[PDB]
>>> print(open('data.tsv').read())   # TSV, C-alpha atoms and all ligand atoms
chain	number	residue	atom	x	y	z
F	88	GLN	CA	21.43	1.09	-17.06
F	89	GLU	CA	22.28	2.60	-13.64
F	90	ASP	CA	22.16	6.07	-15.20
F	91	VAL	CA	18.71	5.37	-16.68
F	92	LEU	CA	17.54	4.09	-13.27
F	93	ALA	CA	18.91	7.26	-11.65
F	94	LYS	CA	16.88	9.33	-14.16
F	95	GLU	CA	13.60	7.54	-13.40
F	96	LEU	CA	14.22	7.92	-9.63
F	97	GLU	CA	14.31	11.75	-9.99
F	98	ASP	CA	10.48	11.47	-10.09
F	99	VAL	CA	10.27	9.88	-6.61
F	100	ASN	CA	8.30	12.85	-5.22
F	101	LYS	CA	5.72	12.69	-8.04
F	102	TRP	CA	2.40	10.91	-8.43
F	103	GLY	CA	2.71	8.60	-11.45
F	104	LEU	CA	6.32	7.45	-11.03
F	105	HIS	CA	7.20	4.80	-13.67
F	106	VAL	CA	7.38	2.04	-11.05
F	107	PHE	CA	7.37	-0.87	-13.55
F	108	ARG	CA	10.33	0.60	-15.42
F	109	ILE	CA	12.16	1.04	-12.10
F	110	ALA	CA	11.48	-2.62	-11.30
F	111	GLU	CA	13.17	-3.63	-14.58
F	112	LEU	CA	16.06	-1.12	-14.42
F	113	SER	CA	16.95	-2.06	-10.81
F	114	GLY	CA	17.17	-5.81	-11.56
F	115	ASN	CA	13.85	-6.58	-9.88
F	116	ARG	CA	14.69	-4.46	-6.82
F	117	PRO	CA	12.00	-1.73	-6.96
F	118	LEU	CA	11.25	-1.90	-3.20
F	119	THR	CA	14.90	-1.68	-2.20
F	120	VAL	CA	15.86	1.23	-4.47
F	121	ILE	CA	12.65	3.19	-3.87
F	122	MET	CA	12.90	2.80	-0.08
F	123	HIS	CA	16.60	3.71	-0.14
F	124	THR	CA	15.87	6.79	-2.25
F	125	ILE	CA	13.04	7.90	0.05
F	126	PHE	CA	15.12	7.39	3.23
F	127	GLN	CA	17.87	9.57	1.69
F	128	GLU	CA	15.38	12.24	0.52
F	129	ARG	CA	13.83	12.49	4.02
F	130	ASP	CA	17.22	12.27	5.80
F	131	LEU	CA	15.97	9.27	7.84
F	132	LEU	CA	19.35	7.47	7.94
F	133	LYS	CA	20.92	10.40	9.82
F	134	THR	CA	17.85	11.11	11.97
F	135	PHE	CA	17.59	7.52	13.26
F	136	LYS	CA	21.29	6.61	12.95
F	137	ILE	CA	20.54	3.80	10.50
F	138	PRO	CA	23.70	2.28	8.97
F	139	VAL	CA	23.35	2.22	5.15
F	140	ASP	CA	24.50	-1.42	4.89
F	141	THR	CA	21.87	-2.46	7.48
F	142	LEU	CA	19.11	-0.64	5.59
F	143	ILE	CA	20.07	-2.32	2.29
F	144	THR	CA	20.45	-5.75	3.90
F	145	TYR	CA	16.99	-5.47	5.51
F	146	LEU	CA	15.34	-4.13	2.34
F	147	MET	CA	16.75	-6.88	0.10
F	148	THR	CA	15.70	-9.48	2.67
F	149	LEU	CA	12.17	-8.02	2.91
F	150	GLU	CA	11.87	-7.79	-0.89
F	151	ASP	CA	12.90	-11.48	-1.18
F	152	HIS	CA	9.86	-12.42	0.93
F	153	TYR	CA	7.41	-10.96	-1.63
F	154	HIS	CA	6.50	-13.78	-4.06
F	155	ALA	CA	7.91	-13.57	-7.61
F	156	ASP	CA	4.98	-15.58	-9.07
F	157	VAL	CA	2.04	-13.56	-7.70
F	158	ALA	CA	0.85	-11.07	-10.34
F	159	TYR	CA	-0.32	-8.21	-8.12
F	160	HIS	CA	0.70	-8.61	-4.45
F	161	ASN	CA	4.42	-8.58	-5.11
F	162	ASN	CA	7.43	-6.31	-4.53
F	163	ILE	CA	6.30	-3.89	-7.26
F	164	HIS	CA	3.02	-3.27	-5.42
F	165	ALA	CA	4.93	-2.83	-2.16
F	166	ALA	CA	7.21	-0.30	-3.82
F	167	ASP	CA	4.24	1.56	-5.30
F	168	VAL	CA	2.37	1.81	-1.96
F	169	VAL	CA	5.61	3.02	-0.29
F	170	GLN	CA	6.13	5.73	-2.92
F	171	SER	CA	2.44	6.72	-2.93
F	172	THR	CA	2.51	7.08	0.89
F	173	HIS	CA	5.70	9.12	0.54
F	174	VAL	CA	3.89	11.60	-1.75
F	175	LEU	CA	0.77	11.82	0.47
F	176	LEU	CA	2.96	12.49	3.52
F	177	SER	CA	4.38	15.58	1.75
F	178	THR	CA	0.94	17.13	1.02
F	179	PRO	CA	0.96	20.89	1.90
F	180	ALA	CA	-2.08	20.52	4.23
F	181	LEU	CA	-0.04	18.14	6.44
F	182	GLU	CA	3.24	20.13	6.60
F	183	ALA	CA	4.82	19.87	10.08
F	184	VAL	CA	1.91	17.70	11.33
F	185	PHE	CA	3.69	14.36	11.87
F	186	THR	CA	6.83	13.59	13.91
F	187	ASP	CA	9.85	11.93	12.32
F	188	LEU	CA	8.94	8.65	14.10
F	189	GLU	CA	5.37	8.79	12.74
F	190	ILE	CA	6.75	9.35	9.21
F	191	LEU	CA	9.18	6.44	9.63
F	192	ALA	CA	6.31	4.27	10.88
F	193	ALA	CA	4.09	5.05	7.88
F	194	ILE	CA	6.81	4.38	5.29
F	195	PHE	CA	7.97	1.18	7.04
F	196	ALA	CA	4.36	-0.05	7.34
F	197	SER	CA	3.83	0.51	3.60
F	198	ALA	CA	6.99	-1.47	2.78
F	199	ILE	CA	5.97	-4.53	4.77
F	200	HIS	CA	2.17	-4.28	4.33
F	201	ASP	CA	1.76	-7.26	1.97
F	202	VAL	CA	4.94	-9.28	2.57
F	203	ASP	CA	4.69	-13.03	1.90
F	204	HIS	CA	1.22	-12.60	0.31
F	205	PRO	CA	0.20	-15.96	-1.30
F	206	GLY	CA	-1.95	-14.33	-4.03
F	207	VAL	CA	-5.29	-15.38	-2.49
F	208	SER	CA	-7.73	-13.49	-0.24
F	209	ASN	CA	-8.52	-13.76	3.46
F	210	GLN	CA	-11.91	-15.30	2.58
F	211	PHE	CA	-10.19	-17.95	0.47
F	212	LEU	CA	-7.78	-18.78	3.32
F	213	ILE	CA	-10.72	-19.05	5.74
F	214	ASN	CA	-12.94	-21.13	3.42
F	215	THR	CA	-10.13	-23.62	2.72
F	216	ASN	CA	-9.17	-24.22	6.38
F	217	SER	CA	-5.68	-22.92	5.64
F	218	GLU	CA	-2.76	-22.99	8.07
F	219	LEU	CA	-2.82	-19.17	8.13
F	220	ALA	CA	-6.52	-18.95	9.01
F	221	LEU	CA	-6.09	-21.55	11.76
F	222	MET	CA	-3.18	-19.61	13.23
F	223	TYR	CA	-5.01	-16.28	13.16
F	224	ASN	CA	-8.56	-17.29	14.06
F	225	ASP	CA	-10.05	-15.93	10.82
F	226	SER	CA	-9.29	-12.31	11.86
F	227	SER	CA	-7.15	-10.09	9.59
F	228	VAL	CA	-5.39	-13.34	8.60
F	229	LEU	CA	-3.07	-11.92	5.91
F	230	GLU	CA	-2.42	-8.60	7.62
F	231	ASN	CA	-1.38	-10.24	10.91
F	232	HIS	CA	0.95	-12.47	8.86
F	233	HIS	CA	2.48	-9.52	6.92
F	234	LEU	CA	3.30	-7.79	10.21
F	235	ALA	CA	4.80	-10.92	11.80
F	236	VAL	CA	7.09	-11.51	8.80
F	237	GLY	CA	8.08	-7.82	8.46
F	238	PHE	CA	9.07	-7.60	12.15
F	239	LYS	CA	10.70	-11.05	12.31
F	240	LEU	CA	13.02	-10.18	9.41
F	241	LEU	CA	14.58	-7.31	11.47
F	242	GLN	CA	16.15	-10.07	13.62
F	243	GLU	CA	18.22	-11.52	10.74
F	244	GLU	CA	21.95	-10.82	10.49
F	245	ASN	CA	22.63	-7.07	10.02
F	246	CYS	CA	18.91	-6.33	9.45
F	247	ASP	CA	17.88	-4.33	12.54
F	248	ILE	CA	17.33	-0.89	11.00
F	249	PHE	CA	15.87	0.30	14.35
F	250	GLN	CA	18.95	-0.68	16.43
F	251	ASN	CA	19.71	2.95	17.39
F	252	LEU	CA	16.17	3.94	18.38
F	253	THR	CA	15.50	4.22	22.11
F	254	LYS	CA	13.32	1.59	23.83
F	255	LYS	CA	10.47	4.14	24.00
F	256	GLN	CA	10.80	4.90	20.26
F	257	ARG	CA	10.81	1.20	19.29
F	258	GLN	CA	7.73	0.50	21.42
F	259	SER	CA	5.88	3.46	19.87
F	260	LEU	CA	6.88	2.60	16.30
F	261	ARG	CA	5.88	-1.05	16.70
F	262	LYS	CA	2.40	-0.08	17.90
F	263	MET	CA	1.93	2.47	15.10
F	264	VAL	CA	3.05	0.01	12.41
F	265	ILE	CA	0.69	-2.70	13.73
F	266	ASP	CA	-2.23	-0.22	13.82
F	267	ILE	CA	-1.49	0.92	10.24
F	268	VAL	CA	-1.05	-2.50	8.57
F	269	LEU	CA	-4.10	-3.94	10.31
F	270	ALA	CA	-6.09	-1.03	8.82
F	271	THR	CA	-5.21	-2.28	5.27
F	272	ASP	CA	-7.60	-5.24	5.82
F	273	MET	CA	-10.27	-4.58	3.18
F	274	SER	CA	-13.03	-5.68	5.61
F	275	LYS	CA	-12.28	-2.55	7.74
F	276	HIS	CA	-12.75	-0.11	4.82
F	277	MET	CA	-16.26	1.05	5.74
F	278	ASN	CA	-15.42	1.80	9.40
F	279	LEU	CA	-12.17	3.50	8.41
F	280	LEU	CA	-14.00	5.70	5.86
F	281	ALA	CA	-16.78	6.57	8.31
F	282	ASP	CA	-14.16	7.73	10.83
F	283	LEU	CA	-12.33	9.71	8.14
F	284	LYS	CA	-15.57	11.48	7.18
F	285	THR	CA	-16.12	12.44	10.83
F	286	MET	CA	-12.62	13.99	10.88
F	287	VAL	CA	-13.39	16.04	7.75
F	288	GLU	CA	-16.63	17.28	9.30
F	289	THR	CA	-14.85	18.35	12.53
F	290	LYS	CA	-11.73	19.63	10.77
F	291	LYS	CA	-9.73	22.47	12.38
F	292	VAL	CA	-7.08	24.46	10.47
F	293	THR	CA	-4.31	27.17	10.51
F	297	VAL	CA	-2.56	23.47	7.78
F	298	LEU	CA	-4.49	20.68	9.52
F	299	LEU	CA	-4.62	20.65	13.31
F	300	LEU	CA	-4.16	17.16	14.73
F	301	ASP	CA	-2.98	17.78	18.29
F	302	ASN	CA	-4.50	14.46	19.42
F	303	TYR	CA	-2.51	11.28	18.81
F	304	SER	CA	-5.64	9.09	18.27
F	305	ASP	CA	-6.56	11.43	15.38
F	306	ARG	CA	-3.01	11.25	13.97
F	307	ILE	CA	-2.93	7.44	13.79
F	308	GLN	CA	-6.36	7.50	12.17
F	309	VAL	CA	-5.04	9.86	9.45
F	310	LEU	CA	-1.97	7.63	8.83
F	311	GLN	CA	-4.20	4.55	8.66
F	312	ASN	CA	-6.39	6.19	6.01
F	313	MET	CA	-3.33	7.54	4.20
F	314	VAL	CA	-1.79	4.11	3.74
F	315	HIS	CA	-5.23	2.66	2.85
F	316	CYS	CA	-5.54	5.39	0.14
F	317	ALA	CA	-2.03	4.51	-1.14
F	318	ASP	CA	-3.01	0.80	-1.20
F	319	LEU	CA	-6.11	1.73	-3.24
F	320	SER	CA	-4.36	4.32	-5.42
F	321	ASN	CA	-4.11	2.38	-8.70
F	322	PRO	CA	-7.22	3.90	-10.35
F	323	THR	CA	-5.91	7.44	-9.54
F	324	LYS	CA	-2.67	6.91	-11.53
F	325	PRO	CA	-2.08	7.72	-15.22
F	326	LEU	CA	-4.04	5.24	-17.35
F	327	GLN	CA	-1.02	3.35	-18.70
F	328	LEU	CA	-0.09	2.45	-15.10
F	329	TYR	CA	-3.70	1.78	-13.99
F	330	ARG	CA	-4.36	-0.66	-16.85
F	331	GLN	CA	-1.24	-2.65	-15.93
F	332	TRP	CA	-2.47	-2.93	-12.33
F	333	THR	CA	-5.90	-4.06	-13.57
F	334	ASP	CA	-4.32	-6.74	-15.75
F	335	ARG	CA	-2.31	-7.97	-12.72
F	336	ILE	CA	-5.14	-8.08	-10.16
F	337	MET	CA	-7.37	-9.91	-12.66
F	338	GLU	CA	-4.67	-12.51	-13.31
F	339	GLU	CA	-4.43	-13.08	-9.56
F	340	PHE	CA	-8.22	-13.25	-9.15
F	341	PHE	CA	-8.59	-15.69	-12.09
F	342	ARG	CA	-5.87	-17.93	-10.62
F	343	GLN	CA	-7.73	-17.97	-7.26
F	344	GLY	CA	-10.89	-18.90	-9.17
F	345	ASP	CA	-9.08	-21.78	-10.89
F	346	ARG	CA	-8.05	-23.11	-7.44
F	347	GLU	CA	-11.64	-22.78	-6.22
F	348	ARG	CA	-13.06	-24.47	-9.31
F	349	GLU	CA	-10.57	-27.35	-8.90
F	350	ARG	CA	-11.75	-27.80	-5.27
F	351	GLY	CA	-15.43	-27.97	-6.25
F	352	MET	CA	-16.02	-24.63	-4.47
F	353	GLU	CA	-18.24	-21.80	-5.70
F	354	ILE	CA	-16.11	-19.29	-7.61
F	355	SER	CA	-15.75	-15.96	-5.79
F	356	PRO	CA	-16.95	-12.68	-7.37
F	357	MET	CA	-14.75	-11.54	-10.29
F	358	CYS	CA	-12.60	-14.71	-10.12
F	359	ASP	CA	-14.23	-16.64	-12.99
F	360	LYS	CA	-12.22	-16.16	-16.20
F	361	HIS	CA	-15.20	-17.65	-18.14
F	362	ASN	CA	-17.73	-15.22	-16.60
F	363	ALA	CA	-16.18	-11.84	-15.84
F	364	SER	CA	-16.53	-8.24	-16.93
F	365	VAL	CA	-13.29	-6.53	-16.14
F	366	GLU	CA	-14.55	-3.09	-17.22
F	367	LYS	CA	-17.84	-3.17	-15.28
F	368	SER	CA	-15.92	-4.40	-12.23
F	369	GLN	CA	-13.47	-1.47	-12.37
F	370	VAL	CA	-16.31	1.04	-12.69
F	371	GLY	CA	-18.07	-0.58	-9.71
F	372	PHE	CA	-14.81	-0.60	-7.72
F	373	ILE	CA	-14.29	3.10	-8.31
F	374	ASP	CA	-17.93	4.07	-7.69
F	375	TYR	CA	-18.47	2.09	-4.47
F	376	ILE	CA	-14.98	2.04	-2.90
F	377	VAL	CA	-12.19	4.09	-4.46
F	378	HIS	CA	-13.97	7.35	-5.29
F	379	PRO	CA	-15.84	7.62	-1.93
F	380	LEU	CA	-12.48	7.13	-0.19
F	381	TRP	CA	-10.45	9.51	-2.34
F	382	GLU	CA	-13.12	12.25	-2.43
F	383	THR	CA	-13.07	12.16	1.38
F	384	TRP	CA	-9.26	12.31	1.49
F	385	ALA	CA	-9.32	15.21	-1.00
F	386	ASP	CA	-11.76	17.03	1.28
F	387	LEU	CA	-9.42	16.60	4.27
F	388	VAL	CA	-6.47	18.13	2.37
F	389	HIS	CA	-8.48	20.44	0.02
F	390	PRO	CA	-7.31	21.45	-2.55
F	391	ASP	CA	-4.00	19.47	-2.51
F	392	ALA	CA	-5.38	16.26	-4.02
F	393	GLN	CA	-7.48	17.87	-6.79
F	394	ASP	CA	-5.28	16.57	-9.66
F	395	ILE	CA	-5.35	13.08	-8.16
F	396	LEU	CA	-9.16	13.14	-7.93
F	397	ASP	CA	-9.45	14.51	-11.49
F	398	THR	CA	-7.36	11.60	-12.83
F	399	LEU	CA	-9.49	9.07	-10.94
F	400	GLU	CA	-12.65	10.61	-12.42
F	401	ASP	CA	-11.16	10.63	-15.94
F	402	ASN	CA	-10.14	6.95	-15.57
F	403	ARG	CA	-13.64	6.01	-14.38
F	404	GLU	CA	-15.14	7.70	-17.47
F	405	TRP	CA	-12.64	5.91	-19.71
F	406	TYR	CA	-13.48	2.45	-18.35
F	407	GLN	CA	-17.22	3.27	-18.50
F	408	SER	CA	-16.90	4.37	-22.15
F	409	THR	CA	-15.61	0.90	-23.14
F	410	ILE	CA	-18.79	-0.89	-21.95
F	411	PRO	CA	-21.48	0.24	-24.50
K	501	LIG	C1	-6.81	-2.43	-10.10
K	501	LIG	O1	-7.87	-3.01	-9.31
K	501	LIG	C2	-7.75	-3.36	-7.96
K	501	LIG	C3	-6.66	-2.95	-7.17
K	501	LIG	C4	-6.59	-3.32	-5.82
K	501	LIG	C5	-7.59	-4.10	-5.22
K	501	LIG	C6	-7.47	-4.49	-3.73
K	501	LIG	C7	-8.83	-4.81	-3.06
K	501	LIG	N1	-8.87	-6.25	-3.25
K	501	LIG	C8	-7.67	-6.78	-3.54
K	501	LIG	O2	-7.41	-7.96	-3.65
K	501	LIG	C9	-6.63	-5.70	-3.56
K	501	LIG	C10	-8.68	-4.51	-6.02
K	501	LIG	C11	-8.77	-4.14	-7.39
K	501	LIG	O3	-9.85	-4.54	-8.20
K	501	LIG	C12	-10.74	-5.52	-7.59
K	501	LIG	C13	-12.21	-5.10	-7.65
K	501	LIG	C14	-12.52	-5.20	-9.15
K	501	LIG	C15	-11.65	-6.41	-9.61
K	501	LIG	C16	-10.49	-6.45	-8.60
K	502	MG	MG	-2.95	-6.32	1.81
K	503	ZN	ZN	-1.67	-3.94	-0.64
>>> encode(input="data.tsv", output="structure tokens", more="lines below")
Ligand SMILES: COc1ccc([C@H]2CNC(=O)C2)cc1OC1CCCC1
Ligand SMILES: [Mg+2]
Ligand SMILES: [Zn+2]
Amino acid sequence: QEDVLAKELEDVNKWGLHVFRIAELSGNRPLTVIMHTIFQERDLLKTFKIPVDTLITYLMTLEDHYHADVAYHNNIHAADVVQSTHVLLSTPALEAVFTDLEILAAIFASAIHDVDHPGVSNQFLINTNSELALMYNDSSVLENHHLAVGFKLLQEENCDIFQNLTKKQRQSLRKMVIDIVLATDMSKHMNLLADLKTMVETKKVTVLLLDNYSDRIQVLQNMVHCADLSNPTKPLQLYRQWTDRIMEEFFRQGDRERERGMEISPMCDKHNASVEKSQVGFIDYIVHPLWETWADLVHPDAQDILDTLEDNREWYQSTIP
């Protein structure tokens, strides 16, 4: 079983990694093994003097805080976003662009980006006067929570993976991670995309030229947001599994709403839903506009990813008539 897991992990640098198989082969530890593999591949343990035992202790602890009974926003999704970010970071157009600390920040942010997710949306938490919404004043409720949990867990016994970073490095990484995870709030999508389009239009090359730090964090924010919204760009057998999972989570939220006498949110009514039309709409209005813009920034590095997205859109559309 360990040999079979080792075989699947050879594809860690490839779009379309069999992440569900890795989750099963690792004994429900996809986040831990994928993060460990990526840290080794990028030589991050040596660069930041991270003890291996500390890294594993932190990762297992973090993974434990993803909920086992939430269909989509679980440790498998975290592992997938981590691995997807890892691939985007290695795009030829961005070679030598980011510092080792910026790379560490992006991968760490991806790992913690949805930790302790309850399987319901920010709007649901707000509308139900939840403890989380009261704590966070209705603003990036989940995302603020994911960050607080991810950082707080570093303080557990033998969990501080940043113990050998300088004070300056820890301060910088903390700010970058906060800026990145907050950008995963799906209410910020339109502003994030508008800013990304402006960067494409004012692009300078010779490899992308991002001498300014404010431009670099903006690229990392969009990168992680792309990874978060990468399901429809993956091979169809993976994409369909992600669709099944998000719909299960949405339908469960709708059951909670219906039990409370609340109006059922869009796409959350199992008795009145069109999964296929909803995926086509999701791609057309959100995912394709985002990915076409990313592809333009790194042209032509992401062409195969965009082609797959387009093929998947056509497939889902073809099932409707
Ligand atoms: C695989 O699909 C999806 C994958 C990811 C998301 C993110 C944005 N909202 C979330 O809760 C997470 C939505 C999806 O589809 C939604 C729109 C159509 C139905 C669900
Ligand atoms: Mg999220
Ligand atoms: Zn996510």
>>> residues_near_ligand(input="data.tsv", ligand="ligand LIG 501 (chain K)", cutoff="6 Å", atoms="only C-alpha atoms and all ligand atoms", output="list in words")
residues 319, 321, 332, 333, 336, 368, 369 and 372 of chain F
>>> residues_near_ligand(input="data.tsv", ligand="ligand ZN 503 (chain K)", cutoff="7 Å", atoms="only C-alpha atoms and all ligand atoms", output="PyMOL selection string")
chain F and resi 160+164-165+200-201+318
>>> residues_around(input="data.tsv", residues="residue 277 (chain F)", least_positions_apart="2", cutoff="12 Å", atoms="all atoms listed in the file", output="JSON, numbers by chain")
{"F": [270, 271, 272, 273, 274, 275, 279, 280, 281, 282, 283, 284, 312, 315, 375, 376, 377, 379, 380]}
>>> write_last_selection(input="data.tsv", atoms="C-alpha atoms", output="PDB file, in the frame of the given file")
ATOM      1  CA  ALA F 270      -6.090  -1.030   8.820  1.00  0.00           C
ATOM      2  CA  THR F 271      -5.210  -2.280   5.270  1.00  0.00           C
ATOM      3  CA  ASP F 272      -7.600  -5.240   5.820  1.00  0.00           C
ATOM      4  CA  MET F 273     -10.270  -4.580   3.180  1.00  0.00           C
ATOM      5  CA  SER F 274     -13.030  -5.680   5.610  1.00  0.00           C
ATOM      6  CA  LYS F 275     -12.280  -2.550   7.740  1.00  0.00           C
ATOM      7  CA  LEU F 279     -12.170   3.500   8.410  1.00  0.00           C
ATOM      8  CA  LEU F 280     -14.000   5.700   5.860  1.00  0.00           C
ATOM      9  CA  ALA F 281     -16.780   6.570   8.310  1.00  0.00           C
ATOM     10  CA  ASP F 282     -14.160   7.730  10.830  1.00  0.00           C
ATOM     11  CA  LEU F 283     -12.330   9.710   8.140  1.00  0.00           C
ATOM     12  CA  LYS F 284     -15.570  11.480   7.180  1.00  0.00           C
ATOM     13  CA  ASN F 312      -6.390   6.190   6.010  1.00  0.00           C
ATOM     14  CA  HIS F 315      -5.230   2.660   2.850  1.00  0.00           C
ATOM     15  CA  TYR F 375     -18.470   2.090  -4.470  1.00  0.00           C
ATOM     16  CA  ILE F 376     -14.980   2.040  -2.900  1.00  0.00           C
ATOM     17  CA  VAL F 377     -12.190   4.090  -4.460  1.00  0.00           C
ATOM     18  CA  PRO F 379     -15.840   7.620  -1.930  1.00  0.00           C
ATOM     19  CA  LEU F 380     -12.480   7.130  -0.190  1.00  0.00           C
TER      20      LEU F 380
END
>>> closest_residue(input="data.tsv", among="F:153, F:135, F:159, F:102", to="residue 188 (chain F)", atoms="all atoms listed in the file")
F:135
>>> residues_around(input="data.tsv", residues="residue 166 (chain F)", least_positions_apart="3", cutoff="10 Å", atoms="all atoms listed in the file", output="JSON, numbers by chain")
{"F": [106, 107, 109, 110, 116, 117, 118, 119, 120, 121, 122, 150, 161, 162, 163, 169, 170, 171, 172, 197, 198, 199]}
>>> atom_distance(input="data.tsv", atom1="CA of residue 268 (chain F)", atom2="CA of residue 366 (chain F)")
29.1 Å
>>> residues_around(input="data.tsv", residues="residue 348 (chain F)", least_positions_apart="6", cutoff="10 Å", atoms="all atoms listed in the file", output="PDB file with C-alpha atoms, keeping the file's coordinate frame")
ATOM      1  CA  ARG F 342      -5.870 -17.930 -10.620  1.00  0.00           C
ATOM      2  CA  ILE F 354     -16.110 -19.290  -7.610  1.00  0.00           C
ATOM      3  CA  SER F 355     -15.750 -15.960  -5.790  1.00  0.00           C
ATOM      4  CA  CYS F 358     -12.600 -14.710 -10.120  1.00  0.00           C
ATOM      5  CA  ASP F 359     -14.230 -16.640 -12.990  1.00  0.00           C
TER       6      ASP F 359
END
>>> residues_around(input="data.tsv", residues="residue 203 (chain F)", least_positions_apart="2", cutoff="8 Å", atoms="only C-alpha atoms", output="list in words")
residues 152, 153, 154, 201, 205, 232, 233 and 236 of chain F
>>> decode(input="data.tsv", residues="region 387-403 of chain F", atoms="N, CA, C and O atoms", output="compact mmCIF listing (two decimals), in the first residue's frame")
# COMPACT_ATOMS: atom_id res chain seq x y z
N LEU F 387 -2.10 36.02 -18.50
CA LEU F 387 -0.94 36.49 -17.73
C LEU F 387 0.30 35.62 -17.98
O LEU F 387 1.42 36.14 -18.15
N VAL F 388 0.10 34.31 -18.05
CA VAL F 388 1.20 33.35 -18.22
C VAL F 388 1.27 32.71 -19.62
O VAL F 388 1.90 31.67 -19.78
N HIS F 389 0.64 33.34 -20.61
CA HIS F 389 0.53 32.82 -21.98
C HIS F 389 1.89 32.35 -22.53
O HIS F 389 2.85 33.13 -22.50
N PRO F 390 2.00 31.14 -23.09
CA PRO F 390 0.93 30.14 -23.27
C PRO F 390 0.95 28.96 -22.27
O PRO F 390 0.42 27.91 -22.60
N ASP F 391 1.54 29.15 -21.09
CA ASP F 391 1.74 28.08 -20.11
C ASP F 391 0.50 27.29 -19.70
O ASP F 391 0.55 26.08 -19.49
N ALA F 392 -0.61 28.01 -19.54
CA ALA F 392 -1.86 27.41 -19.08
C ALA F 392 -2.81 27.00 -20.21
O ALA F 392 -3.98 26.76 -19.94
N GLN F 393 -2.33 26.87 -21.44
CA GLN F 393 -3.22 26.52 -22.55
C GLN F 393 -3.94 25.16 -22.39
O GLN F 393 -5.13 25.05 -22.70
N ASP F 394 -3.23 24.15 -21.91
CA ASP F 394 -3.81 22.82 -21.74
C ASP F 394 -4.86 22.86 -20.63
O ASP F 394 -5.88 22.15 -20.69
N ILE F 395 -4.62 23.67 -19.60
CA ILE F 395 -5.59 23.79 -18.52
C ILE F 395 -6.86 24.45 -19.03
O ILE F 395 -7.97 24.01 -18.72
N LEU F 396 -6.72 25.50 -19.84
CA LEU F 396 -7.88 26.21 -20.38
C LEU F 396 -8.66 25.33 -21.36
O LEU F 396 -9.89 25.38 -21.38
N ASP F 397 -7.94 24.53 -22.15
CA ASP F 397 -8.56 23.61 -23.11
C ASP F 397 -9.43 22.58 -22.39
O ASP F 397 -10.50 22.26 -22.85
N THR F 398 -8.95 22.07 -21.25
CA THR F 398 -9.69 21.07 -20.48
C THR F 398 -10.96 21.70 -19.91
O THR F 398 -12.04 21.11 -19.97
N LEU F 399 -10.82 22.91 -19.37
CA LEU F 399 -11.97 23.64 -18.84
C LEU F 399 -13.05 23.79 -19.91
O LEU F 399 -14.23 23.56 -19.66
N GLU F 400 -12.62 24.20 -21.11
CA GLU F 400 -13.54 24.41 -22.22
C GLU F 400 -14.20 23.10 -22.65
O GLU F 400 -15.40 23.06 -22.91
N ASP F 401 -13.43 22.02 -22.70
CA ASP F 401 -13.97 20.70 -23.04
C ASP F 401 -14.99 20.25 -21.98
O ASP F 401 -16.02 19.66 -22.33
N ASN F 402 -14.72 20.53 -20.71
CA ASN F 402 -15.62 20.11 -19.62
C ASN F 402 -16.92 20.90 -19.66
O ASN F 402 -18.00 20.35 -19.39
N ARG F 403 -16.81 22.19 -20.00
CA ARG F 403 -18.00 23.03 -20.16
C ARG F 403 -18.89 22.47 -21.26
O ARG F 403 -20.08 22.32 -21.06
